[PDB]
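Structure first, then comments.
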Amino acid sequence: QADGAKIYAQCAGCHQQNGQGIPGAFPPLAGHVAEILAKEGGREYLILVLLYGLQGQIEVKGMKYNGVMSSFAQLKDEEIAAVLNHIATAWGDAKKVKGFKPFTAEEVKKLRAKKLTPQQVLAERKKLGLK
Ligand code: HEM
């Protein structure tokens, strides 16, 4: 099973069907996912956000966000890999990532041992050296 586009319905009210988010509220995923994936540790980070959530001040496309995102750990590993592959391809980000590797259920499964808080996920983000 696992249809990333269908699972994305759970994210769309915030990040939007076009992945552009809402400045001042929910960050964009379109365009931005490629930027994260280009960093070493970027794909793991995206999985951590889905498993553990995120909170804290971040900047995305030169705009500031200081909100909270819940964890989606209740989703199956296949579902998380599917929705992450969806946000990586729905708006063309994958083509923009040299050597893009699709997320897999096993990768997600492995990171379930981490047991992080949203603050630890922010600490992981800071190590990517984004903006
Ligand atoms: C749905 C399963 C869903 C996905 C997918 C998703 C992804 C996502 C990513 C990858 C980030 C990190 C962006 C970054 O620059 O680090 C992120 C961040 C936030 N999200 Fe999200 N998100 C999904 C669902 C939801 C839902 C339902 C909401 C709105 C209630 C939401 C909100 C946010 C917010 C806010 C952030 C930023 C958190 C911060 O520290 O400011 N997401 N999301």
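Counting starts at 1 for both ligands and their atoms, in listed order. In what follows, every heavy atom counts, from backbone to side chain, and hydrogens, waters and symmetry copies are set aside. Starting from 1, each residue takes its place in the sequence as its number.
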List every atom of ligand 1 that sits less than 4.0 Å from any heavy atom of [X], numbering the atoms from 1 in the order shown and giving each element.
X	answer
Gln55	40 (O)
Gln10	27 (C)
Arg125	14 (C), 15 (O), 16 (O)
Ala25	35 (C)
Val60	15 (O)

Test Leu46 against every option in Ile80, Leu51, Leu37 by the side chain to side chain contact (heavy atoms under 4.5 Å, CB included) rule and name the one that passes.
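Exactly one option meets the side chain to side chain contact (heavy atoms under 4.5 Å, CB included) with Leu46, and it is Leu37.
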Take the angle between the ring planes of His86 and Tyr8 and call it parallel below 30°, perpendicular above 60°, tilted in between.
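Plane angle between 30° and 60°, so tilted.
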Give the residue, atom name and distance (to 0.1 Å) of the protein heavy atom nearest [atom].
atom	value
atom 10 (C) of ligand 1	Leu46 CD2, 3.5 Å
atom 40 (O) of ligand 1	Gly56 O, 2.7 Å
atom 13 (C) of ligand 1	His32 NE2, 4.1 Å
atom 41 (O) of ligand 1	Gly67 N, 2.9 Å

Strictly under 2.8 Å of atom 21 (Fe) of ligand 1: which protein N/O/S atoms qualify?
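Within the sphere that stays under 2.8 Å of atom 21 (Fe) of ligand 1, the protein atoms of type N, O or S are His15 NE2, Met69 SD.
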Step by step, work out the salt bridge (charged side-chain N to carboxylate O under 4.0 Å, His left out) result for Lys64 and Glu59.
CA-CA 4 Å; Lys64 288 289 193 192; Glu59 193 168 273; 3.4 Å; yes
Region of [X] engaging ligand 1 - heavy atom pairs below 4.0 Å:
X	value
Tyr45	side chain
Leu84	neither
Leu50	side chain

[atom2] on [Y] to [atom1] on [X], rounded to 0.5 Å:
X	Y	atom1	atom2	result
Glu79	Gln1	CD	CD	9.0 Å
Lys131	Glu35	NZ	CD	5.0 Å
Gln57	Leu122	CD	CG	9.5 Å

